[PDB]
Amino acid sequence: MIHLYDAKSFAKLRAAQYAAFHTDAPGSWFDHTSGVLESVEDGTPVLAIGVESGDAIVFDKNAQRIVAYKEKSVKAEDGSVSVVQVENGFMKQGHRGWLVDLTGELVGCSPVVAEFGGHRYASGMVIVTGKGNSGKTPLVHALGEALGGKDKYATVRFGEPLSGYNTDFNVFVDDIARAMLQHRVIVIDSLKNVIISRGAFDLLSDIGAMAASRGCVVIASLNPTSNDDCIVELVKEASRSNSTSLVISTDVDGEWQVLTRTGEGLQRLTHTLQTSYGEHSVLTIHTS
């Protein structure tokens, strides 16, 4: 909804947004949204996501598709009216994104999703990119393990000419929605096929905000499907735009740069990553 600020309450927000990244316990926002989600009544819509054609499918708190749902209105703090209605398997009325308030007054945050190797990582969408083919898949899985910590991470597979990979977009969003509803660390390998359809364009528009709001992290591979000259800057600008954090390869082998947005209007942080391969191409990220 819309918010109102004066000098004093704006400073409080920025302090709150600062705290959501810098001082909160890693992963506490996810735990908090898990709570909001499970306090939602049986069969109530929680999430709508655009399919290939541009229609939206709707999910409940158990990641189950909502087939039919009688029109229902909710009056926000703002006067704002949210209408949800699902018919014939598709949202007749409503908006894409979370259909329940997960964030409240606390908007424009990059909730800290994890802490690893001395750095805090934001939730939201993290694009792993950089110059042509040199180890994007191994790095996302190593980030997934690292940011997973005590928890297993979720792996969503799409559009690679390898065994067991889904290539149907509608199955992809079903995967993604389930991943965001039930896990804090998600890996997408890869967005290559999404880059266009109205649902594909909707995905790049929504995934970052959905994740950030849930307090989960989505780490997605992005090979620039263009040349050796430039377009590591112009596909990277359909990235840096829709991304909460960017992870890019450097001139030095094994080395990556992380660029994080720490929240609305806050300073971007940059830090450096060293990695190396073990057996069966399993990549390790170095800590100390």
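Numbers for residues come from their place in the sequence shown, where the first is 1.
Count the deposited residues lacking coordinates between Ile195 and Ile196 and you get 10 or more of them. Per the PDB record, of the two stretches 78-86 and 101-109, 78-86 carries the greater mean B-factor over its C-alpha atoms. Of the two segments, 91-99 and 163-171, the one listed with the higher mean B-factor is 91-99 (C-alpha atoms only). The top Cα temperature factor in the record, among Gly35, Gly43, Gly27, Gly263, falls on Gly43. Taking only the listed residues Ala48, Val235, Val258, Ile219, the entry reports the highest CA temperature factor at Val235. Per the PDB record, residue ranking by Cα B-factor puts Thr155 in the lowest third of the chain.
When the modelled residues of the chain are ordered by C-alpha B-factor, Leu147 sits in the lowest third. The PDB entry assigns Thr137 a C-alpha temperature factor belonging to the middle third of its chain's modelled residues. Among all modelled residues in its chain, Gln182 ranks in the lowest third by Cα B-factor.
The entry lists a Cα temperature factor for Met210 that places it in the lowest third of the chain's modelled residues.
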